[PDB]
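Secondary and tertiary structure notes
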Amino acid sequence: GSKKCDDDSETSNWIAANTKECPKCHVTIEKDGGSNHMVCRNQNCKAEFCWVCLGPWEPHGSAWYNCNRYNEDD
Ligand SMILES: [Zn+2]
Ligand SMILES: [Zn+2]
């Protein structure tokens, strides 16, 4: 299956389902796996956002805004 090492981001053959980008500047990022506190890697951005829905992390930080990681209530 892995002919190469998927090291090339240019192809984006892996990012298609193994990674996502910043919803603000659209820079290739990578989920940590912790408390969902995802922050941009772009030094010209560094915006913190909810990786799950790719929305603002600020309302998600126990403020009032709830989100659905893998279990949707919808
Ligand atoms: Zn960004
Ligand atoms: Zn969210």
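Residues numbered from 1 in each chain as written, not as in the entry; some residues may be left out. Chains lettered and ligands numbered in written order. Heavy atoms only, no water.

Its PDB record attributes the structure to solution NMR.

1. Regarding the coordination of the zinc ion (ligand 1)
Protein ligation of the zinc ion (ligand 1) involves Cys-22 (SG), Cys-25 (SG), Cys-40 (SG) and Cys-45 (SG), the donor distances falling in the range 2.2 to 2.3 Å. Taking the relative accessible area as the measure of exposure, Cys-25 reaches 31% and is therefore partly exposed. (Donors = N, O, S within 2.8 Å, 3.2 Å for Na, K, Ca; no water. Buried < 20%, exposed > 50% of the residue type's maximum accessible area, 1.4 Å probe, protein only.)

2. Comments concerning the pattern of salt bridges
Inspection of every chain in the model, using the stated rule, returns one salt bridge. In this structure, the salt-bridge partner of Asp-8 is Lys-4, at a minimum N-O distance of 2.7 Å. By relative accessible area, which is 46% here, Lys-4 ends up partly exposed. (Salt bridge = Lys/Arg side-chain N within 4 Å of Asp/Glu carboxyl O.)

3. With respect to the coordination of the zinc ion (ligand 2)
Summarising the metal site, the zinc ion (ligand 2) is bound by the protein donors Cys-50 (SG), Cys-53 (SG), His-60 (NE2) and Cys-67 (SG), whose distances to it range over 2.2 Å. Taken together, the four donor atoms coordinating the zinc ion (ligand 2) and their angles of 99 to 119 degrees define a geometry best described as tetrahedral. Assessed through its relative accessible area of 2%, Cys-50 is described here as buried. Exposure remark for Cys-67: the relative accessible area of 31% places this residue in the partly exposed category. (Tetrahedral: all angles 85-135°; square planar, octahedral: opposite > 155°, others 65-115°.)

4. Notes on the environment of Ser-12
Considering the arrangement of structural elements, one finds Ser-12 in the segment before α1 (15–18). Side-chain polar atoms of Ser-12 contact the backbone oxygen of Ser-9, separated by 2.7 Å. (Helix = DSSP H or I, 4+ residues; strand = E, 2+ residues; numbered from the N terminus. Polar contact = N/O pair within 3.5 Å; in protein donor to acceptor, adjacent residues only side chain to side chain.)

5. Quick look at the environment of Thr-28
Mapping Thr-28 onto the fold places it in the loop between α1 and β1 (37–39). In this structure the C-alpha to C-alpha distance between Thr-28 and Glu-48, which are 20 residues apart in sequence, comes to 14 Å. Not counting residues within four places of it along the chain, the set of residues in contact with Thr-28 comprises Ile-15, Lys-20, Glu-21 and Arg-41. (Contact = heavy atoms within 4.5 Å.)

6. A short note on the sheet that holds β1
Strand order in the open sheet formed by three strands is β1-β2-β3, with antiparallel pairing between adjacent strands. Only two strands of the sheet have a single neighbouring strand rather than two, namely β1 and β3 (55–56). As defined by bridge partners, strand β2 (residues 48–50) adjoins β3 across two bridges and the pair is classed as antiparallel. Across the sheet, residue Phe-49 finds its bridge partner in β3, namely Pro-56. (Pairing = 2+ DSSP bridges.)

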